[PDB]
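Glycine also receives a Cβ, built like all others from the backbone with ideal geometry; neighbour counts cover every protein chain displayed. What follows draws every value from the coordinates through simple rules; no lab data is involved.
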Amino acid sequence: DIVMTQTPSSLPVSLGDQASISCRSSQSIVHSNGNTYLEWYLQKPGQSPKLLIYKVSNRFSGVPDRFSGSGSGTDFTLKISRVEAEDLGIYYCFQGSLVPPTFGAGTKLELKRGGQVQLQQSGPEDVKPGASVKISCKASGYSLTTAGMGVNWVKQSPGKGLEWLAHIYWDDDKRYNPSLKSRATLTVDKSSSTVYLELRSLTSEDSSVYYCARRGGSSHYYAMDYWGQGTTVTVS
């Protein structure tokens, strides 16, 4: 099992400053075919994460020239040349090359003090311990069955960071994270283009925000280029 290590935990900066974040893997992240799948995501304070960099070197569309991938092998570094007010948030590094894809611990960029594809998620669910939940993600602006498309489910707990939960593929290949102890079930409604995640036995540990994200094409190297706004699940 693979562990991403994000070196700076904090790294406060001032506007217009060089910024560098590092990520290091417990094993070589590379794939049987010619490829390291490593991504950099930005999460601004009140919002879902968003894709910055994929295939370790590549800027996703809309991402300004400030950002650069600059990694190889077991060691990768994201760099911002000139920091702007927009660039403030928590940065996560992500490996997609192995079976339980793992996120980095995060790095929070904060100011120094002084001197049309869309994914829609169902509403919040409050439930009692032992109960079950079914949350939905409705994709529009594209087709779930298009080659290369997939849907990842990722969970964010307070303080526990980002954790990968499950995946469904355009051929309806469904894979889960053994951490869930087979309590998860993915299903699909093709005509409504809606993917359903079901959690079977709930404890307070399962209380988190649940995001669904689209693994992009083979063009984006299966980086998650579009995210839902999240669904808050709360266990009494």
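Structure summary
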| read-out | value |
| --- | --- |
| Residue satisfying condition, being of a type in the set (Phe, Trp, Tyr) and surrounded by fewer than 17 Cβ atoms within 10 Å (Cβ to Cβ), within set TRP227, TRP170, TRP153 | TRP170 |
| Complete set of residues in the range 196-236 that are of a type outside the set (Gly, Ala, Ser), over 16 Å from the mean Cα position of the chain (by Cα) and part of a loop (DSSP other than H, G, I, E, B) | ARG200, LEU202, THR203 |
| Selected residue (only one of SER143, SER136, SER97 is among the hydroxyl-bearing types (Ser, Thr, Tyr) and closer than 19 Å to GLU198 by Cα) | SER136 |
| Of residues in the range 58-96 being out of contact with any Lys or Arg (no Cβ under 8 Å at 6 or more places or on another chain), surrounded by fewer than 20 Cβ atoms within 10 Å (Cβ to Cβ) and hydroxyl-bearing (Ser, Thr, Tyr), the one farthest from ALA213 (Cα to Cα) | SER72 |
| Members of the range 142-174 found to be in contact with a strand residue (DSSP E or B) (Cβ under 7 Å, 6 or more places away or on another chain) and on the phi > 0 side of the Ramachandran plot, listed by number | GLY161, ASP172 |
